[PDB]
Amino acid sequence: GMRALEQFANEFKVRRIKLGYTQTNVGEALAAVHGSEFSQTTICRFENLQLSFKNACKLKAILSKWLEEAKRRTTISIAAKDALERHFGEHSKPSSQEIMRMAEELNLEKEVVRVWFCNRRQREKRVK
Amino acid sequence: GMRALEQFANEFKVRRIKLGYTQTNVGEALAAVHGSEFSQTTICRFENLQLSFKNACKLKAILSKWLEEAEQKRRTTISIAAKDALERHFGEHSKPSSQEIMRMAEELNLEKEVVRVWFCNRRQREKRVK
DNA sequence: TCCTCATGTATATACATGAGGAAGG
DNA sequence: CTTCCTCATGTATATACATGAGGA
C-alpha cells in the first residue's frame with residue numbers, strides 16, 4: 001500500500017542520515033542482506049519514490065532488513081529556495097542581521113542561508 | 001577571446017567521446033601527466049562553461065595540451081530542439097511504429113536506437129509512484 | 001522485431017569547504 | 001579576534017541515457 005510506502009521512504013531517509021550514512025554507503029552495505037550491492041542512483045530513486053510500486057515495495061523489504069540490522073546536507077524546500085531567490089533579486093548581499101532574520105522566518109540555520117547567498121553570487125559570475 | 005573559448009569547450013566534448021573518454025576518465029588521465037585528479041563535476045562545468053571566465057581559461061590551457069597528446073556505452077547528447085520535437089510526437093502517439101522511429105531518427109540525425117530508448121524511458125517514467 | 005522492467009553508468013545539479021583578504025575604528 | 005566575503009573545486013544527491021533479459 002502507498003501510504004505505508006510513502007511513510008517508510010520518509011522515515012528511512014530520516015534514520016539513514018541521523019546514522020551517518022551516504023546513499024552510496026547504504027547501497028554498498030546492502031550486500032550484508034541482499035548478497036549484492038545497489039547503486040547510489042537506486043537508493044536515490046527509492047527515497048524519492050521514482051520507481052514502480054512493485055519495485056519500491058520489493059526494496060522497502062531489503063532496506064528495512066538492513067535498517068534494524070544497522071556537513072550533513074540540508075535540503076532547502078521548493079518554497080524556501082524560490083523565496084530566497086526572491087530575496088536575492090531585492091538585494092544580493094544582505095547584511096548579518098537580515099540573513100539571521102531570513103533564517104528565523106524560514107526556520108533554517110544562519111549558515112545554510114549564508115552559503116546559499118554566496119553560491120547564488122558565484123552563479124551570476126559564470127560564463128554560460 | 002571568448003569566441004575561441006566557446007568553440008573549444010564544444011569541440012572538447014566531441015573529441016572526448018570519439019576518442020573514448022568519459023568526463024570521469026578525462027580527470028584521471030589528467031592526473032597521469034598533470035599530477036592531481038579533477039572530479040567529473042569539474043570536467044562537466046568546463047564543457048558547459050559553468051565556471052568564471054578566469055577559471056575556464058585556466059582549465060582550457062590544461063585540457064588543450066592533453067587532448068592533442070591523446071592521439072594513440074558512448075552517451076548521446078540530445079539537443080533542446082531534438083527533445084522538443086520528441087515530446088511533441090510523444091503526445092501525439094506514445095508508442096511509434098518502427099518506421100516512425102526510423103523517420104524521426106533520420107529527421108534529427110540520431111541513431112534509430114537512441115530514439116527507441118528515448119521513447120521507452122519516457123513511457124517508463126509514467127509508471128512511477130512519484 | 002520491439003516492448004516491459006529492474007537497475008546500471010554517464011552526466012548535471014545543490015549544497016560545502018578551505019585559504020586568504022577586508023575592516024571594525 | 002572576529003565575522004562575513006571571493007574563488008576554484010570539493011562531495012552528496014538528482015537527473016538523463018543505456019543495458020540485457022524474458023514476454024510470448
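Throughout, a chain's letter reflects where its sequence line sits, starting with A, and its residues are numbered from 1.
A salt bridge does not link A:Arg101 with A:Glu104: none of the charged nitrogens is closer than 4.0 Å to a carboxylate oxygen.
Counting only heavy atoms from C-beta on, A:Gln40 has its side chain closest to D:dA14 among D:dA18, D:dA14, D:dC5.
For the pair B:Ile101 CD1 and C:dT1 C1', the computed distance is 11 Å after rounding to whole Å. The CZ atom of B:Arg74 sits 12 Å away from the P atom of C:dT11 (whole-angstrom rounding).
Listed by residue number, the members of residues 47-67 of chain B with any heavy atom below 4.0 angstrom from DNA chain C are B:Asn48. Within residues 11-38 of chain A, the residues having any heavy atom closer than 4.0 Å to DNA chain D are, in order of number, A:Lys13, A:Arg16, A:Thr22, A:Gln23.
Within the 4.5 Å cutoff, the side chain of B:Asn48 has no heavy atoms near those of the A:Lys128 side chain.
By the ring pair (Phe, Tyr, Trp, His ring centres under 6.0 Å) test, B:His34 is found to be paired with no residue, residues two or more places apart in sequence or in another chain being considered.
When both pairing distances are held under 3.5 Å, C:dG21 makes a Watson-Crick or G-U pair with D:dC4.
Considering only side-chain N and O atoms, B:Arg123 lies under 4.0 angstrom from the phosphate OP1 or OP2 of C:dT4.
Using a 4.0 Å heavy-atom criterion, one finds that B:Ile43 contacts no nucleic acid atom at all.
The base of D:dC17 sits with one of its N or O atoms less than 3.5 Å from a complementary donor or acceptor on the side chain of B:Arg75.
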